[PDB]
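Note sheet for the following structure.
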Amino acid sequence: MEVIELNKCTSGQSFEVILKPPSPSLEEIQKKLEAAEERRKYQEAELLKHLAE
Amino acid sequence: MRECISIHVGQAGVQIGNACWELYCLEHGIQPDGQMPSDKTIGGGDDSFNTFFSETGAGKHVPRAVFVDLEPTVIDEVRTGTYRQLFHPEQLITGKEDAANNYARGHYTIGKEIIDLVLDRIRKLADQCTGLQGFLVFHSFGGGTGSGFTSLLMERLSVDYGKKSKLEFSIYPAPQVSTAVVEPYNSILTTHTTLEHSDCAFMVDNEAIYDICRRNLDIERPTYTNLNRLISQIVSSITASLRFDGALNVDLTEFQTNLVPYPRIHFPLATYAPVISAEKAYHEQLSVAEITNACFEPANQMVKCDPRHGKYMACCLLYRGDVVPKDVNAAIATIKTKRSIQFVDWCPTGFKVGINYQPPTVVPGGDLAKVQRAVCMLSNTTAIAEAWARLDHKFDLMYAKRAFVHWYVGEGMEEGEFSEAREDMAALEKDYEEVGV
Amino acid sequence: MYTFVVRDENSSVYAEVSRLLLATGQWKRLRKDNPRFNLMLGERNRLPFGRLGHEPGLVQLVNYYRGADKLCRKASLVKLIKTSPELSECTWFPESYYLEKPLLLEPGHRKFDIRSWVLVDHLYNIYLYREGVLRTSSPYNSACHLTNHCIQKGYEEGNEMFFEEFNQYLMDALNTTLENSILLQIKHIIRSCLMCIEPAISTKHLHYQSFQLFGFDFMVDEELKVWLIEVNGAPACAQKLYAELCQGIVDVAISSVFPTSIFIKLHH
Amino acid sequence: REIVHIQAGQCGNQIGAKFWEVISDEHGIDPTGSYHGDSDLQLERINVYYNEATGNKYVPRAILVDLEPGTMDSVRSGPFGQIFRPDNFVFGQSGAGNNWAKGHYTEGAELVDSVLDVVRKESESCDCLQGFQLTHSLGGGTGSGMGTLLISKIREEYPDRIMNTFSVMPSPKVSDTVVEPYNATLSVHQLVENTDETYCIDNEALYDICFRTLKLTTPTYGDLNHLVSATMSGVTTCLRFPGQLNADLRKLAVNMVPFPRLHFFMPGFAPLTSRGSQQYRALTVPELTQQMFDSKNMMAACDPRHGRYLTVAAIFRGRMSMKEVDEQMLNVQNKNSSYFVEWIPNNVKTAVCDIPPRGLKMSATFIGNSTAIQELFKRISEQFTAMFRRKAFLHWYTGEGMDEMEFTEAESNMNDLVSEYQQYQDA
Ligand SMILES: Nc1nc2c(ncn2[C@@H]2O[C@H](COP(=O)(O)OP(=O)(O)OP(=O)(O)O)[C@@H](O)[C@H]2O)c(=O)[nH]1
Ligand SMILES: Nc1ncnc2c1ncn2[C@@H]1O[C@H](COP(=O)(O)OP(=O)(O)CP(=O)(O)O)[C@@H](O)[C@H]1O
Ligand SMILES: Nc1nc2c(ncn2[C@@H]2O[C@H](COP(=O)(O)OP(=O)(O)O)[C@@H](O)[C@H]2O)c(=O)[nH]1
Ligand SMILES: COc1ccc(N(C)c2nc(Cl)nc3sccc23)cc1
Ligand SMILES: [Ca+2]
Ligand SMILES: [Mg+2]
Ligand SMILES: [Mg+2]
C-alpha cells in the first residue's frame, strides 16, 4: 500500500494512497427562447379570437 | 490566487447560500459587517480566502456571490438579515412573479426577461477578478426557478465564459419536504438541459439530509433551517480547499480531474461524518478510524444508495481537525479488508486525501456539536445512478398520461422537449450501467 | 393492516406465501406497480432494489438479497470460492473452472443429491429448514446419472426420499445417522457460504431490508463426505413440505418485521 | 401578489360578506378597517387580500356586484359592511329573475362594463396581480349568468391571470326555482372553459351536513353559510399566512390540475360545527385526519369511494405536532392507496398554519380533485334533461334571445366533462 505526493503546510497536509494500480451559441439560444415566445403569443391569439367569437 | 463566484438560484439555492456564507464568515473570522480583524492587508490581498471574498478600500470583505430569485420574498430576508451589510445591494436580484413550480416558466417566459440583467450583475463581479476560475451554482432540482432559470443561466455562462469551470450544488427532490407534485418533471428537464454545461455536480437528496437530522440530531421534524445548517457544513467541507492553504483540490479544474474521469458521469457522492447533536451532554469523541469507517455507511450519504453494488472511479477524503496521515492509512487498511470497495478496472484503487487542521466550525446555537475531527468523502460511484432510476420512474408514471404537461406547453415549451429530456436520462442511466457491471 | 405486492407470479413458494398472508386478515395485496407496499415478493430478474426504502411512513421488506446472485449462478460461485480467502482455493467444492464414486442407495444401486432449503432473514440469521429431500434416480453405471426430478421423470413416491427414511437407511446399512455423517458437513457448508458474502449483501444498516430463500444442492460420496454442487436463489419446494416451509417463511421472515420451530438456526 | 375578489348576485354577496367577516377577524381587522391584532403572522401577507390606506386602514380588495340593490343594501348594513370601498358597490335595479339569460345576455350586459371599470382600477394599482376570486351561485341569474359573463370578459382583458371561483351548486332540497338545473348547466359550460380552479360548494352537501351531522332540523341559508365560510377560510389559509409553503393561485392550479378541464374541487372541513354552539374538547390529529377525509365532511355531495383522488391538498390549523400530522396523513394514504391514482406520485401535500379559526383550537381543511365529482355533474345533468326533453320552462330563455341549440351545446359539454372524469377513474 503506497503513499505518494505528500505536501505539508502549517494548515494541514494532503497526499495520495494507492492500494492497487489499474488493469450551443448565443444566437441558437436566442432562437429557441424566441420560438417559445411565439408559441405563447400564438396560443394567446387563439384565446382572444375565440373570445371575440 | 484565482477567484470563484457563487451563484444562488431560487428559494433552496438562496437559503442554502445564506447558511454557507454565514459559516464561511465564522470559519474565516469575518463579522456580519464584513470586517476581518485578521486581514492585515487592508483593501486587498491574494490570500486563499480572497477566492471567495473581495476587499474594499475600507477593509470590508464582500462575498463573491450573486443571489437570484424570480420572487422577492426569500432574498428580502437576506436584505434585512443579520448579514445584510455583507452583500452589496447589486448582488441581490429579485423579480416579481416567481416560476409557479414550472420549469418552462422559469426557463422561457419569466426567465427570458431577467437573464440579461443577471448576466450583467455577474459580469460586474467577474470584472473585479484578476483571474476568474469559474462558478459555484446552488439550486434545487424541484423549483421552477431552481430548475428552469438555472439551466438558462448555465447555457449563457458557457457562452459568455467558455474557458471557465462550472460546479453545481443541487437539491434532489424528496416528498417529505417537497412543495410540488411536478418536481420530477422539473428535475429531468433541468438535468437534461444542464448536463453538458456542468463539469461537476454534488447532489444532495433532501430525504438523506432529513433522516440524518432525525436519526443523529434528534430533530423530530426538521425544517429548512435544520437541513441547511447540515448541508452548509458539507459544502464547507467541499470548498475548504479553495479557501484555505493546501495542495489538494486547490482550483475548480482539480475537481474534474480528481473526481470526474468521464464527462457525463460527473455526480460525486458525498458522505459526511460525524454528525452529533448539540444536546448530547456526554459524547465519546470518535477516532479517525470510526469517522472514516462511517464514510462507507449508506445512512451518512447525501444520497441513499448502495455503493457495494456499484463501482468507484475516484475517491477523496477531506478531513478537518486532529487527523494525521498515519491514522488515515491505518484506518483505510482495515476498512479495505472489511468492505466491498470495487473500482472500475481502468482506474487505480486509491484515495486522494486532504487534511485541514482547523476542526469543523459550528454555528453558535446550531444543532451540530463541536467535534474534534470530521471527514467528508467524495466518491464517484455508479451507485448514485439509483437516484436517477428513482426520478426517471416517477417522471414516467406522470408523463405516460401527460399529467400536467399543459402547464409546460402553455408556457411555450414543446411536448417533445419532455421526451427528449427523458431520452438523455435514459442514456445517462445506461452509461452508469456500462461503467458499473 | 400491512400491504404487499406480488411481482413474480411463477413462484410456487410465494404464491403459497401470498395465500397465507391474506388469510390472516392482516395483509392486503396491492397491485404490482403500487409503491405503497410494506412487502415486495419481487421478480426474479432486474429486481429494482434502487427503488426500495424511499417511501416515508413505510417500512419496506423484500424477499431477495441484492448481490446474492454471486452465490447462485454457476460461474459466479466458482469465482467466489476460488477468490474469497474465507473459502480457500477448500475441501467441499468439486474442482471447477464428476463425482465418480457417489453414495448409492440400496436397493437399486441408485444415485442421488440432497436439496436443503435455507432461509436468511433481514437480521442475517441463517435458518436451515429441518425437512430435507433426496432426489433419487430410478441404477448408476460408469461408462440415471443426472438426478434431476424432471430428467429422471417411482421405490419412493415421485423419486423423493425424505430425511426420516434416509436416516433409517444410514442406520441399517452404514451404522450411522444423517446428523453425524452428512448434516454436520451441510450445516458447515451453508454457514461458510453465507458468512462469506454477508458484508456484500447484508441489509442491516440499509433503508430497506431483505430476506431470501436458497436451495443448496449437495452430493454425498462413498466416504460419507459432502460436496456443494449448486446454490439456487429461486428454489421450489416439494409438495409435502410446501405448507410447512411457506408457513415458516411467514413466521421467521415476514411476521418478524411486521408482527417448536421447524428451522435449525446456524449460529455464526 | 394581490388577489382581486368579486362577489356576484344574492348568494355570492351573502357568502362573500361572511368570508370577509371571518378572515378579517383572523387578520385582526375590525369593521372600521383598523388592525387590533396580537401576532405578526397576521400582517405579513395581509396585502394579498387587503389594500393599504391612510391611517393604516386595511380595505378589502373586493368588488360587490348584483343586478338587484336589495342584497347589497343588506351587506352595507352588515357587521363589516363599512369596510368595503363604497365605489366598489356596482349594482343595477331590475334583478335577473333567476334567469341565466338575463344575467349573461340582456340585463347583465348593461352593467358588466361598469364592473370591469372597478376591476381595472383595482388591478392598475397591484404590484403583481395573481388573478381573481369570484363567489357566486350557479342556480340564480346574476351570480350564474352575469358572473360567467364577467369571467369571460376578465379573461379577455387579463388572459395571463388566474381565475378562481367558489361556485354554489343548486339542490332541490334548497331550491328557489325549478330552472336551477338550466342555469347551473349553462354556467358549468362556462366554468369548464374559463376558470383555472373552482371549488364545488354543493347546497345538497351543505344541507345534509346541517341536517344529519349538525342535527339542525330546519337549516337556513345562515346555517349553510357557516359551513361555506369555514371552508373558504380554510382553503385560502396558505394564500393569506406565511409558512413552509407560501402558496399563490397559480401554484395551487399547477399542482392540483393535471388536465385543464378537470379543475373542479371537493372541499372538506373538520371538525364540523354549527353556529353558536361550541364544543369544548379539541380533536386529536388522528381525529382531524379521519373526519376530514370522511364523506360526511365533504361539501360536494359525492362519495369519494366512488372515484379516485387525482391530487389532494390539506391544511391543518392550530397548535399541534407536525410529526403527528405527517404520520397521520401518510397513514391515510398508505391504508387507502387504492383511492389515489398511482400515476401521480405523491399526489397528497399537507400544510400547517399556527393560527386556528375563531372558536376552534384545531381544524383541518381538505381540497380534493377527485374523479367522484362527476356524480355532482350527472345529478345536474339528469335534472336538466328531465325538463329539457319537453323543452319545459324554455320560454323564459328564448324570450331573451337564446336558442335551444345553446342548451344542447352546454348539456353536451357537461356530459363530456363527466366522461373525461370517468376516463381517469380507471387508469
Ligand atoms: N436543502 C434545502 N432544500 C430546499 C430549501 N429550500 C427549498 N428547497 C427545495 O427546493 C425544492 C423547490 O425548489 P425551490 O428552490 O424552493 O423553488 P425556487 O428555486 O425558488 O423556484 P420557484 O418555483 O420560482 O419558487 C423543494 O422541493 C425543496 O425541497 C432549503 O433551504 N434547503
Ligand atoms: N459433479 C457432479 N457429480 C455428480 N453428479 C453431479 C455433479 N454435478 C451435477 N450432478 C448431477 O447431475 C445433475 C445436473 O443437473 P444441474 O445440477 O445442472 O440441475 P439444477 O440443480 O440446476 C436443477 P434445479 O435448479 O431444478 O435444482 C445434478 O442435479 C446432479 O444430480
Ligand atoms: N349556501 C347558500 N346558498 C344560497 C344563499 N342564497 C342563495 N343561495 C342559492 O342560490 C340560488 C339562488 O340564486 P341567487 O344567488 O339568490 O340569485 P341571484 O340574486 O341572481 O344571484 C338558490 O338555489 C340557493 O340555493 C345563501 O345565503 N347560502
Ligand atoms: C398535489 O400536491 C400539491 C397540492 C397543493 C399544493 N399547494 C400549492 C397548496 N396551495 C395552497 Cl393555496 N394550499 C395548500 S394546502 C397543501 C398544499 C397547498 C402543493 C402541492
Ligand atoms: Ca490580503
Ligand atoms: Mg422562490
Ligand atoms: Mg334568491
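Within each chain, counting starts at residue 1; across the C-alpha cells, chains are named A, B, ... in the order shown, with ligands numbered 1 upward in that order.
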
* **Residue list (helix (DSSP H, G or I), DSSP) for chain A, as a ChimeraX atom specification** => /A:26-52

* Neighbour list for stretch 177-182 of chain C as a ChimeraX atom specification, cut-off 9 Å, only C-alpha atoms, skip fewer than 2 positions in-chain -> /C:163-164,166-171,174-175,184-187,220,224-226

* To do: Show me which residues sit within 7 Å of ligand 1 when counting only C-alpha atoms and all ligand atoms, and put them as a PyMOL selection string.
  => chain B and resi 9-13+15-16+69-71+98-102+106+139-147+171+173-174+177-180+183+206+224-225+227-228+231

* Contacts to ligand 4 at 10 Å cut-off (only C-alpha atoms and all ligand atoms) as a PyMOL selection string -> (chain B and resi 100-101+175+178-183) or (chain D and resi 234-241+245-258+309-316+344-353+364-369)

Around ligand 3, out to 9 Å and counting only C-alpha atoms and all ligand atoms, which residues are there? I want them as a PDB file with C-alpha atoms, in the first residue's frame.
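As written to disk, selection.pdb reads:
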ATOM      1  CA  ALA D   8     -71.992  38.489  -7.613  1.00  0.00           C
ATOM      2  CA  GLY D   9     -75.711  38.094  -7.011  1.00  0.00           C
ATOM      3  CA  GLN D  10     -77.544  37.220  -3.842  1.00  0.00           C
ATOM      4  CA  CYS D  11     -75.697  34.038  -2.850  1.00  0.00           C
ATOM      5  CA  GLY D  12     -72.366  35.445  -3.969  1.00  0.00           C
ATOM      6  CA  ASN D  13     -72.726  38.570  -1.868  1.00  0.00           C
ATOM      7  CA  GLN D  14     -74.052  36.762   1.188  1.00  0.00           C
ATOM      8  CA  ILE D  15     -71.248  34.179   1.376  1.00  0.00           C
ATOM      9  CA  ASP D  66     -75.633  42.467  -8.348  1.00  0.00           C
ATOM     10  CA  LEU D  67     -78.376  43.447 -10.778  1.00  0.00           C
ATOM     11  CA  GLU D  68     -80.558  43.893  -7.690  1.00  0.00           C
ATOM     12  CA  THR D  71     -78.771  42.276  -1.091  1.00  0.00           C
ATOM     13  CA  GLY D  95     -82.708  41.984 -10.923  1.00  0.00           C
ATOM     14  CA  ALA D  96     -82.246  38.868 -13.064  1.00  0.00           C
ATOM     15  CA  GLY D  97     -85.344  36.848 -12.130  1.00  0.00           C
ATOM     16  CA  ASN D  98     -83.320  33.688 -11.574  1.00  0.00           C
ATOM     17  CA  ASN D  99     -82.653  33.733 -15.319  1.00  0.00           C
ATOM     18  CA  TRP D 100     -79.153  32.895 -16.655  1.00  0.00           C
ATOM     19  CA  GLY D 103     -77.655  37.813 -16.332  1.00  0.00           C
ATOM     20  CA  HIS D 136     -71.424  33.215  -6.812  1.00  0.00           C
ATOM     21  CA  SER D 137     -74.199  30.674  -7.036  1.00  0.00           C
ATOM     22  CA  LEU D 138     -74.860  28.791 -10.223  1.00  0.00           C
ATOM     23  CA  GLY D 139     -78.620  28.475  -9.726  1.00  0.00           C
ATOM     24  CA  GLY D 140     -79.835  32.072  -9.888  1.00  0.00           C
ATOM     25  CA  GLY D 141     -79.402  34.620 -12.620  1.00  0.00           C
ATOM     26  CA  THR D 142     -76.872  37.197 -11.575  1.00  0.00           C
ATOM     27  CA  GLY D 143     -74.068  35.209  -9.977  1.00  0.00           C
ATOM     28  CA  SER D 144     -74.594  32.440 -12.519  1.00  0.00           C
ATOM     29  CA  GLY D 145     -75.253  34.332 -15.764  1.00  0.00           C
ATOM     30  CA  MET D 146     -73.611  37.662 -15.089  1.00  0.00           C
ATOM     31  CA  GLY D 147     -70.873  36.018 -13.055  1.00  0.00           C
ATOM     32  CA  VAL D 168     -72.561  27.145  -5.069  1.00  0.00           C
ATOM     33  CA  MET D 169     -74.309  24.269  -6.906  1.00  0.00           C
ATOM     34  CA  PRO D 170     -78.118  24.120  -6.674  1.00  0.00           C
ATOM     35  CA  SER D 171     -80.033  21.368  -4.933  1.00  0.00           C
ATOM     36  CA  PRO D 172     -83.761  20.520  -4.983  1.00  0.00           C
ATOM     37  CA  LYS D 173     -83.520  20.377  -1.173  1.00  0.00           C
ATOM     38  CA  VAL D 174     -82.535  24.048  -1.038  1.00  0.00           C
ATOM     39  CA  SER D 175     -84.279  25.362  -4.112  1.00  0.00           C
ATOM     40  CA  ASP D 176     -85.545  28.760  -5.130  1.00  0.00           C
ATOM     41  CA  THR D 177     -86.949  27.831  -8.552  1.00  0.00           C
ATOM     42  CA  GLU D 180     -81.815  25.997 -11.352  1.00  0.00           C
ATOM     43  CA  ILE D 201     -69.793  24.149  -2.952  1.00  0.00           C
ATOM     44  CA  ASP D 202     -72.891  21.921  -3.153  1.00  0.00           C
ATOM     45  CA  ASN D 203     -76.044  23.072  -1.379  1.00  0.00           C
ATOM     46  CA  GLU D 204     -77.092  19.413  -1.179  1.00  0.00           C
ATOM     47  CA  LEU D 206     -74.315  21.674   2.991  1.00  0.00           C
ATOM     48  CA  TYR D 207     -77.955  20.746   3.637  1.00  0.00           C
ATOM     49  CA  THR D 220     -81.377  28.183   6.875  1.00  0.00           C
ATOM     50  CA  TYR D 221     -79.031  29.870   4.444  1.00  0.00           C
ATOM     51  CA  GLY D 222     -77.347  31.156   7.606  1.00  0.00           C
ATOM     52  CA  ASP D 223     -76.546  27.601   8.710  1.00  0.00           C
ATOM     53  CA  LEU D 224     -75.364  26.725   5.205  1.00  0.00           C
ATOM     54  CA  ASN D 225     -73.124  29.800   5.009  1.00  0.00           C
ATOM     55  CA  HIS D 226     -71.409  28.988   8.305  1.00  0.00           C
ATOM     56  CA  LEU D 227     -70.077  25.845   6.629  1.00  0.00           C
ATOM     57  CA  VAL D 228     -69.169  27.805   3.490  1.00  0.00           C
TER      58      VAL D 228
END

* To do: Give the residue list for ligand 2 at 7 Å, counting only C-alpha atoms and all ligand atoms, as a ChimeraX atom specification, sorted by chain and then by residue number.
  => /C:94,98-100,112-113,145-148,217,219,229-230,232,235

* **Interface list for chain C, partner chain D, 7 Å threshold, only C-alpha atoms, as a ChimeraX atom specification** => /C:34,36,57

Create the file for the chosen residues now, containing C-alpha atoms and written as a short mmCIF file (atom, residue, chain, number, x, y, z; two decimals), in the first residue's frame.
data_model
loop_
_atom_site.label_atom_id
_atom_site.label_comp_id
_atom_site.auth_asym_id
_atom_site.auth_seq_id
_atom_site.Cartn_x
_atom_site.Cartn_y
_atom_site.Cartn_z
CA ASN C 34 -48.37 0.40 -6.47
CA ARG C 36 -47.06 1.96 -1.10
CA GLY C 57 -44.18 6.14 6.52
#

Tell me as a PDB file with C-alpha atoms, in the first residue's frame which residues belonging to chain B come within 8 Å of chain A, counting only C-alpha atoms.
ATOM      1  CA  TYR B 108     -38.696  30.509 -21.051  1.00  0.00           C
ATOM      2  CA  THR B 109     -41.380  33.015 -20.117  1.00  0.00           C
ATOM      3  CA  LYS B 112     -36.007  35.269 -20.709  1.00  0.00           C
ATOM      4  CA  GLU B 155     -26.210  27.869 -21.061  1.00  0.00           C
ATOM      5  CA  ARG B 156     -25.294  31.574 -21.109  1.00  0.00           C
ATOM      6  CA  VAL B 159     -21.303  31.103 -23.992  1.00  0.00           C
ATOM      7  CA  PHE B 244      -7.537  27.603   2.740  1.00  0.00           C
ATOM      8  CA  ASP B 245      -3.881  26.749   2.137  1.00  0.00           C
ATOM      9  CA  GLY B 246      -3.179  23.243   0.851  1.00  0.00           C
ATOM     10  CA  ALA B 247      -2.285  21.109  -2.146  1.00  0.00           C
ATOM     11  CA  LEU B 248      -5.497  19.112  -2.828  1.00  0.00           C
ATOM     12  CA  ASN B 329      -3.750   4.893   6.231  1.00  0.00           C
ATOM     13  CA  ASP B 345     -10.759  -1.713 -13.960  1.00  0.00           C
ATOM     14  CA  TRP B 346      -9.334   1.356 -15.746  1.00  0.00           C
ATOM     15  CA  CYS B 347      -8.829   3.380 -12.529  1.00  0.00           C
ATOM     16  CA  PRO B 348      -6.369   2.856  -9.686  1.00  0.00           C
ATOM     17  CA  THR B 349      -7.729   1.663  -6.366  1.00  0.00           C
ATOM     18  CA  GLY B 350      -6.761   4.623  -4.205  1.00  0.00           C
ATOM     19  CA  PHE B 351      -7.775   7.563  -2.073  1.00  0.00           C
ATOM     20  CA  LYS B 352      -6.682  11.160  -2.528  1.00  0.00           C
ATOM     21  CA  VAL B 353      -6.558  12.610   0.993  1.00  0.00           C
ATOM     22  CA  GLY B 354      -6.788  16.174   2.225  1.00  0.00           C
ATOM     23  CA  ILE B 355      -6.383  17.219   5.864  1.00  0.00           C
ATOM     24  CA  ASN B 356      -7.206  20.629   7.304  1.00  0.00           C
ATOM     25  CA  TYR B 357      -6.134  21.028  10.918  1.00  0.00           C
ATOM     26  CA  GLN B 358      -8.922  23.509  11.761  1.00  0.00           C
ATOM     27  CA  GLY B 410     -48.889  26.580 -22.121  1.00  0.00           C
ATOM     28  CA  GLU B 411     -45.693  28.496 -21.349  1.00  0.00           C
ATOM     29  CA  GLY B 412     -44.117  27.903 -24.783  1.00  0.00           C
ATOM     30  CA  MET B 413     -42.369  24.567 -24.229  1.00  0.00           C
TER      31      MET B 413
END

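Here atom CA of residue D:217 and atom CA of residue D:376 stand 24.1 Å from one another.
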
* To do: Check which residues fall inside 7 Å of ligand 5 when counting only C-alpha atoms and all ligand atoms, and print them as an NGL selection string.
  => :B and (39-42 or 44-47)

Go ahead and save the picked residues with N, CA, C and O atoms, as a compact mmCIF listing (two decimals), in the first residue's frame.
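Result file follows (selection-v7.txt):
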# COMPACT_ATOMS: atom_id res chain seq x y z
N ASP B 39 -7.15 40.08 8.63
CA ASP B 39 -6.55 40.50 7.36
C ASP B 39 -5.69 41.73 7.63
O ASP B 39 -6.21 42.84 7.77
N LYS B 40 -4.37 41.55 7.70
CA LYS B 40 -3.51 42.70 7.88
C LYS B 40 -3.28 43.48 6.59
O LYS B 40 -2.83 44.63 6.64
N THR B 41 -3.57 42.88 5.42
CA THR B 41 -3.53 43.59 4.14
C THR B 41 -4.88 44.25 3.92
O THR B 41 -5.80 43.67 3.32
N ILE B 42 -5.01 45.48 4.40
CA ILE B 42 -6.27 46.21 4.29
C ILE B 42 -6.48 46.63 2.84
O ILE B 42 -5.57 47.16 2.19
N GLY B 44 -6.90 44.82 0.17
CA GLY B 44 -6.60 43.84 -0.85
C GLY B 44 -5.89 42.61 -0.32
O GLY B 44 -5.91 42.31 0.88
N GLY B 45 -5.31 41.88 -1.25
CA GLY B 45 -4.56 40.68 -0.95
C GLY B 45 -4.91 39.55 -1.90
O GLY B 45 -6.01 39.49 -2.46
N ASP B 46 -3.96 38.64 -2.10
CA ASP B 46 -4.16 37.43 -2.87
C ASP B 46 -4.10 36.19 -1.97
O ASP B 46 -3.53 35.16 -2.34
N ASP B 47 -4.65 36.30 -0.76
CA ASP B 47 -4.77 35.17 0.14
C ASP B 47 -5.87 34.22 -0.35
O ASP B 47 -6.70 34.56 -1.20

* Excluding same-chain residues fewer than 3 positions from stretch 41-45 of chain C, what lies within 10 Å of it counting only C-alpha atoms, as a list in words? -> residues 4, 5, 6, 7, 8, 9, 10, 11, 14, 15, 17, 18, 32, 48, 49, 61, 62, 63, 64, 212, 233 and 234 of chain C

* To do: May I have the residues within 8 Å of stretch 257-264 of chain B as a list in words, using only C-alpha atoms and disregarding those fewer than 4 positions away in the same chain?
  => residues 195, 196, 199, 200, 249, 253, 268, 313, 314, 315, 316, 378, 379, 380 and 428 of chain B

Please produce, as a tab-separated table, a per-residue contact table for chain C versus chain B (criterion: any atom at most 12 Å away, only C-alpha atoms considered), showing the nearest atom pair and its distance in Å to one decimal, sorted by chain then residue number.
residue	atom	partner	partner_atom	distance
C:33	CA	B:397	CA	10.0
C:34	CA	B:397	CA	10.9
C:35	CA	B:394	CA	10.5
C:48	CA	B:389	CA	8.9
C:49	CA	B:386	CA	8.5
C:50	CA	B:386	CA	5.0
C:51	CA	B:390	CA	5.7
C:52	CA	B:390	CA	9.2
C:53	CA	B:304	CA	9.2
C:54	CA	B:207	CA	8.0
C:55	CA	B:175	CA	8.7
C:56	CA	B:176	CA	7.1
C:57	CA	B:176	CA	9.7
C:65	CA	B:309	CA	11.5
C:66	CA	B:309	CA	8.1
C:67	CA	B:309	CA	7.3
C:68	CA	B:309	CA	11.0
C:69	CA	B:309	CA	11.8
C:70	CA	B:309	CA	11.6
C:84	CA	B:337	CA	11.3
C:85	CA	B:337	CA	10.8
C:86	CA	B:337	CA	11.9
C:196	CA	B:338	CA	11.1
C:197	CA	B:340	CA	9.8
C:198	CA	B:339	CA	10.5
C:199	CA	B:339	CA	6.7
C:200	CA	B:340	CA	6.0
C:201	CA	B:308	CA	8.1
C:202	CA	B:308	CA	10.2
C:203	CA	B:306	CA	9.9
C:204	CA	B:297	CA	10.4
C:205	CA	B:299	CA	7.1
C:206	CA	B:298	CA	6.6
C:207	CA	B:304	CA	7.6
C:208	CA	B:305	CA	10.4

* Asked: Quick one: which residues from chain A are at most 9 Å off chain D, using only C-alpha atoms, as a list in words?
  ->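 The answer, sorted by residue number, is residues 44, 47, 48, 51 and 52 of chain A.
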
Restricted to C-alpha atoms, what would the selected residues look like written as an mmCIF file, in the first residue's frame?
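The result, written out as selection19.cif:
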data_model
loop_
_atom_site.group_PDB
_atom_site.id
_atom_site.type_symbol
_atom_site.label_atom_id
_atom_site.label_comp_id
_atom_site.auth_asym_id
_atom_site.auth_seq_id
_atom_site.Cartn_x
_atom_site.Cartn_y
_atom_site.Cartn_z
ATOM 1 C CA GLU A 44 -52.958 33.664 -26.648
ATOM 2 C CA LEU A 47 -57.799 32.583 -26.958
ATOM 3 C CA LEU A 48 -58.644 36.201 -27.730
ATOM 4 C CA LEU A 51 -63.344 35.102 -27.056
ATOM 5 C CA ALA A 52 -64.027 37.527 -29.892
#
